[PDB]
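Before any comments, here is the structure.
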Amino acid sequence: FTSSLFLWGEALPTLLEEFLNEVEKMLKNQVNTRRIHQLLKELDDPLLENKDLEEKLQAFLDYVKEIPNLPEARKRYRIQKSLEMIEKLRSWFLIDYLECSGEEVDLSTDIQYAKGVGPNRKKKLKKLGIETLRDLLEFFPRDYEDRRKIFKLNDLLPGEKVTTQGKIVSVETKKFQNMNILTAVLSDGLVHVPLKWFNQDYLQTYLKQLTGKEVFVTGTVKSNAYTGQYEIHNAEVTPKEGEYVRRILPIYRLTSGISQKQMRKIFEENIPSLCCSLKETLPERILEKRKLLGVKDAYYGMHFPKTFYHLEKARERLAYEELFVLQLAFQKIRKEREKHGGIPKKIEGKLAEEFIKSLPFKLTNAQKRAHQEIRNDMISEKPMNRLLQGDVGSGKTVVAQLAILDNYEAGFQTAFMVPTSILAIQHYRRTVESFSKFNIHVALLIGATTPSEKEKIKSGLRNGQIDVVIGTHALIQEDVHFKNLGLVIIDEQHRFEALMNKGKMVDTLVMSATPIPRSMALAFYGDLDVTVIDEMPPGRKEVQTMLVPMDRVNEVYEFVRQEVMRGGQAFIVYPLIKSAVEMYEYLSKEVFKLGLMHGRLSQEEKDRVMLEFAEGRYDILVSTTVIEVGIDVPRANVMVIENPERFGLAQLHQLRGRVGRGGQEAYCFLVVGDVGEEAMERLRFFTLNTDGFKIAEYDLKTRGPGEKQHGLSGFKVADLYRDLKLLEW
DNA sequence: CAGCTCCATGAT
DNA sequence: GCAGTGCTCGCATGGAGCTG
DNA sequence: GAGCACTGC
Ligand SMILES: Nc1ncnc2c1ncn2[C@@H]1O[C@H](COP(=O)(O)OP(=O)(O)O)[C@@H](O)[C@H]1O
Ligand SMILES: [Mg+2]
């Protein structure tokens, strides 16, 4: 917990921003005259040395202090009057406004134009994916080491990079065996504090190059020098005046070759230059609305801020920007739908009331909602693009079927789409035996079907009472007709379009097995007016998920021999490292019923194979290619992911999903190797996560969206709304 | 199994 | 394009988690 | 000293 907790601690008092900060916290709650007066005592830092800033302030701190000796109203206008000025202040002072000129040059150079960079660095730098120069901005720091704050000498906190100050009087160098030692030492006045260097002599020069002045030293502390008194190693001792080395300064990815001090001076010398050249992107009317910097400065800020406030204002600008890009394209779609327009219709509680009472089980207040929502949106004078989202076995299917009656019941006909012929056939059965009948004629049209039959069908649709067609994105590729088509159901990712009747829009509905938390929903997809998400069905018991060490792997192996001997089946997934084949017939020392599926060898008659698994031809399987949310092998009691977490926390879900059906009270182990905490911190979490959305919650908070590549927004969301509003035009 | 990075140590 | 100043910044090794 | 800019031939 050490690091993750110490700098954190000694990080509140003593620097304008922190100050301003707190004061805002001050008001947003309650002053404390007393207090202020003690914050001001602790202030320290170069920013303050501005006249107004100082004058400007008094005025301020003076206005505030009055709060308390003030009844209710007397307090308000008082407050907002403030708050406004802080931000007012912050904007004035806290940012290093990049005042620009000379003139822009602007392309993708092969980076040698870069200054300081040269041949070998050329190659070095490209190990970081840095060609071009745009390449040299879109490349922001790992992190930031700050400094501004200077520690006193004799308060060195045992074991920590600090930056203290003082003279320096002592340049000794010591040689031993396979080691030297360079020392000079720093003298506040009273204290004197060893400051030691290892296999560097040069330093000798500089330090001597120096003896005289007082300076700023930046290093670490060490609990040794068993003679006592702490010893500071590794520092930097810059001559000084450092109003200008009492700054935040970045930390970039490195690459044997370069050094921070290197890489830095290299950003130090170009960024200001480049930044400057960037045609603004979003219009000035916006900017003004919400208040964070154009670009130049923003990009500026990500490298060389002087207020974490800066940096904040910089991501914030830099991130809204790129959500804009999305929500722009969205409406820009959503609108085009407003053109072509949609169609509604009336609806007979008849059907559903029937369907619903027909079933055995209950229904959920969830699916109920799925329902109230679909109807209504279909009904509405325009399109519907809902997303029926849920978690394998939540009741997605049912619901779809109501969509299917309601639409039929209305007047028009629906058209089910699905990635695979094998899946079509299979779905078909259900919608019918499901529809168990009433009075609806539903088809499939899959190319397997005999040419005539096709014909009898096609024609069936061109006119009349073929009520639903079940097929692949086969339909759309041949060019079918029917002059009423009131909806299109979809299952999932079909490889790699919308439908219009005469010219209006077709009620579109898309179901998915792999959840996605609302923000991500509303941010990469959003355009799917909604997602009526599911909260799950009863009687439903769930996978006893277990996590198992390796070695004991032959343990699980056996557990199957059983369950599988008692008539069940077992997946076995092994990522990438041929071994597979080696993993295979060494696994027919599990002699018994095995099948393979290399995977991305990806004919998507993968199901071809699963069918055959579900039918009972490969007692057990063998992965690679994380199997998908598809044809469902019933008997499959147990699952086995190995050397995981290479798998997102979701593919694993996928996998867990795939095994259970029945009640079957299925089971899924996961062999592990070594790895650790953060890794297993996660797994551990998986296993007890009854619920696959709090999964995504959790996949986000930890690894950024693995599911090209977002530069900037790690869930704060006021943006994703800041969007909707500004984000029409 | 390897190739790289990042971090912490190295001296009586 | 190579040859001569004059800058800035320069340890090395070993175990470490990470991705391929 | 490595790497690079910059100046000159
Ligand atoms: N309300 C319910 N209560 C109990 N079982 C239900 C309920 N709704 C659906 N089921 C059944 O439980 C399983 C749910 O999965 P399903 O409805 O096929 O959709 P999906 O797997 O896509 O979520 C099916 O057997 C379905 O028939
Ligand atoms: Mg389904």
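Quick note on naming: the chains in the structure tokens go A, B, ... in the order shown, residues restart at 1 in each chain, and ligands are numbered from 1 in order of appearance.
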Please find the residues contacting ligand 2 at a distance of at most 10 Å between atoms, with only C-alpha atoms (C1' of nucleotides) and all ligand atoms counted, and report them as an mmCIF file with C-alpha atoms, in the first residue's frame.
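The resulting file, result.cif, is shown below:
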```cif
data_model
loop_
_atom_site.group_PDB
_atom_site.id
_atom_site.type_symbol
_atom_site.label_atom_id
_atom_site.label_comp_id
_atom_site.auth_asym_id
_atom_site.auth_seq_id
_atom_site.Cartn_x
_atom_site.Cartn_y
_atom_site.Cartn_z
ATOM 1 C CA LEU A 388 -32.585 -5.650 -26.583
ATOM 2 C CA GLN A 389 -29.660 -6.319 -24.344
ATOM 3 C CA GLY A 390 -29.309 -8.960 -21.792
ATOM 4 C CA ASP A 391 -27.340 -11.798 -20.515
ATOM 5 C CA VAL A 392 -27.600 -15.307 -21.978
ATOM 6 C CA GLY A 393 -30.710 -16.640 -20.399
ATOM 7 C CA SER A 394 -32.484 -13.613 -19.115
ATOM 8 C CA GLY A 395 -35.459 -13.898 -21.386
ATOM 9 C CA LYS A 396 -34.255 -11.940 -24.343
ATOM 10 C CA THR A 397 -35.988 -14.408 -26.686
ATOM 11 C CA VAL A 398 -39.522 -14.391 -25.336
ATOM 12 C CA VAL A 399 -39.705 -10.608 -25.638
ATOM 13 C CA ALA A 400 -38.496 -10.611 -29.265
ATOM 14 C CA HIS A 427 -34.109 -20.483 -34.447
ATOM 15 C CA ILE A 490 -31.238 -9.108 -35.352
ATOM 16 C CA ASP A 491 -28.838 -11.397 -33.568
ATOM 17 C CA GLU A 492 -25.361 -9.990 -33.131
ATOM 18 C CA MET A 511 -30.520 -8.332 -29.491
ATOM 19 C CA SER A 512 -27.130 -8.885 -27.907
ATOM 20 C CA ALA A 513 -25.694 -11.399 -25.442
ATOM 21 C CA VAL A 629 -22.793 -16.816 -28.133
ATOM 22 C CA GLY A 630 -24.365 -19.123 -30.516
#
```
As a count of residues only, which residues of stretch 406-643 of chain A does DSSP assign to alpha helix (DSSP H)?
66
I need the contact residues of chain B against chain A, so if you could list those with any atom within 8 Å, counting only C-alpha atoms (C1' of nucleotides), and return them as a count of residues only, that would help.
3
Starting from chain C, keep only residues with some atom at most 12 Å from an atom of chain A, counting only C-alpha atoms (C1' of nucleotides), and report them as a CSV table (one decimal) with N, CA, C and O atoms (P, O5', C5', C4', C3', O3' and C1' of nucleotides), in the first residue's frame.
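Wrote result.csv, looks like this:
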```csv
chain,number,residue,atom,x,y,z
C,7,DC,P,29.6,26.5,-26.0
C,7,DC,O5',28.7,25.5,-25.1
C,7,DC,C5',28.3,24.2,-25.6
C,7,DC,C4',26.8,23.9,-25.5
C,7,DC,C3',26.2,23.2,-24.2
C,7,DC,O3',25.1,23.8,-23.6
C,7,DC,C1',25.9,21.8,-26.1
C,8,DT,P,24.7,23.5,-22.1
C,8,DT,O5',24.0,22.0,-22.2
C,8,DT,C5',23.3,21.8,-23.4
C,8,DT,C4',22.1,20.9,-23.3
C,8,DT,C3',21.9,20.4,-21.9
C,8,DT,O3',20.6,19.5,-21.8
C,8,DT,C1',23.3,19.0,-23.1
C,9,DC,P,20.2,18.9,-20.3
C,9,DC,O5',20.8,17.4,-20.4
C,9,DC,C5',20.0,16.6,-21.1
C,9,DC,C4',20.7,15.3,-21.1
C,9,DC,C3',20.8,14.8,-19.7
C,9,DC,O3',20.6,13.4,-19.7
C,9,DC,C1',22.9,15.0,-20.7
C,10,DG,P,21.2,12.5,-18.5
C,10,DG,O5',22.6,11.9,-19.0
C,10,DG,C5',22.3,10.8,-19.9
C,10,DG,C4',23.6,10.2,-20.2
C,10,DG,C3',24.0,9.2,-19.2
C,10,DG,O3',24.7,8.2,-19.8
C,10,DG,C1',25.7,10.8,-19.4
C,11,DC,P,24.8,6.9,-18.9
C,11,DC,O5',25.4,7.5,-17.6
C,11,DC,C5',25.4,6.8,-16.3
C,11,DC,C4',26.6,5.8,-16.2
C,11,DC,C3',26.1,4.4,-16.7
C,11,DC,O3',27.2,3.6,-17.1
C,11,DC,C1',26.2,4.4,-14.3
C,12,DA,P,26.9,2.3,-18.0
C,12,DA,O5',26.8,1.1,-16.9
C,12,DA,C5',28.0,0.6,-16.4
C,12,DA,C4',27.6,-0.5,-15.6
C,12,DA,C3',26.9,-1.6,-16.4
C,12,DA,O3',27.4,-2.9,-16.3
C,12,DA,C1',25.5,-0.7,-14.7
C,13,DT,P,26.5,-4.2,-16.7
C,13,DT,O5',25.8,-4.7,-15.4
C,13,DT,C5',26.5,-4.6,-14.2
C,13,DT,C4',25.4,-5.2,-13.2
C,13,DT,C3',24.6,-6.4,-13.9
C,13,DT,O3',24.5,-7.4,-12.9
C,13,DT,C1',23.2,-4.7,-13.2
C,17,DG,P,6.9,-8.4,-9.6
C,17,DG,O5',6.1,-8.4,-10.9
C,17,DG,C5',4.7,-7.9,-10.8
C,17,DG,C4',4.5,-7.1,-12.0
C,17,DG,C3',3.5,-7.7,-13.0
C,17,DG,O3',2.7,-6.7,-13.6
C,17,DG,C1',5.7,-7.4,-14.0
C,18,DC,P,1.9,-7.0,-15.0
C,18,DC,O5',3.0,-6.8,-16.1
C,18,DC,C5',3.2,-5.6,-16.7
C,18,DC,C4',3.1,-5.6,-18.2
C,18,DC,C3',1.8,-6.4,-18.6
C,18,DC,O3',1.2,-5.8,-19.8
C,18,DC,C1',3.8,-7.5,-19.5
C,19,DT,P,0.2,-6.6,-20.6
C,19,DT,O5',1.1,-7.0,-21.9
C,19,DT,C5',1.8,-6.1,-22.6
C,19,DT,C4',2.3,-6.7,-23.9
C,19,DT,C3',1.2,-7.4,-24.7
C,19,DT,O3',1.4,-7.0,-26.0
C,19,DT,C1',2.9,-9.0,-24.2
C,20,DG,P,0.9,-8.0,-27.1
C,20,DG,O5',2.2,-9.0,-27.4
C,20,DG,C5',3.4,-8.5,-27.9
C,20,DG,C4',4.1,-9.6,-28.7
C,20,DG,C3',3.2,-10.3,-29.7
C,20,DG,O3',4.1,-11.0,-30.5
C,20,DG,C1',3.9,-11.8,-28.1
```
Residues of chain D no more than 8 Å from chain A, counting only C-alpha atoms (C1' of nucleotides): send them over as a CSV table (one decimal) with C-alpha atoms (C1' of nucleotides), in the first residue's frame.
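Resulting contents of selection-v8.csv:
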```
chain,number,residue,atom,x,y,z
D,3,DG,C1',23.9,12.4,-30.4
D,4,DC,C1',23.0,16.4,-32.6
D,5,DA,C1',23.1,21.3,-34.4
```
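Candidate residues A:104, A:268, A:534, A:160 were compared for distance to ligand 1, and the nearest is A:534, using only C-alpha atoms and all ligand atoms.
Within the 12 Å cut-off around residue D:9, using only C-alpha atoms (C1' of nucleotides) and omitting residues fewer than 4 positions from it on the same chain, the listed residues are residues 1, 2, 3 and 4 of chain C.
Among the candidate residues A:510, A:43, A:523, A:727, the one lying nearest to ligand 1 is A:510, with distances computed using only C-alpha atoms and all ligand atoms.
Pairwise distance (atom CA of residue A:50, atom CA of residue A:294) equals 25.4 Å.
The environment of residue C:5 within 12 Å, counting only C-alpha atoms (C1' of nucleotides) and disregarding residues fewer than 5 places along the same chain, consists of residues 5, 6, 7 and 8 of chain D.
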Pick out the closest residue to ligand 1 from this set: A:559, A:361, A:320, A:482. Count only C-alpha atoms and all ligand atoms.
A:361
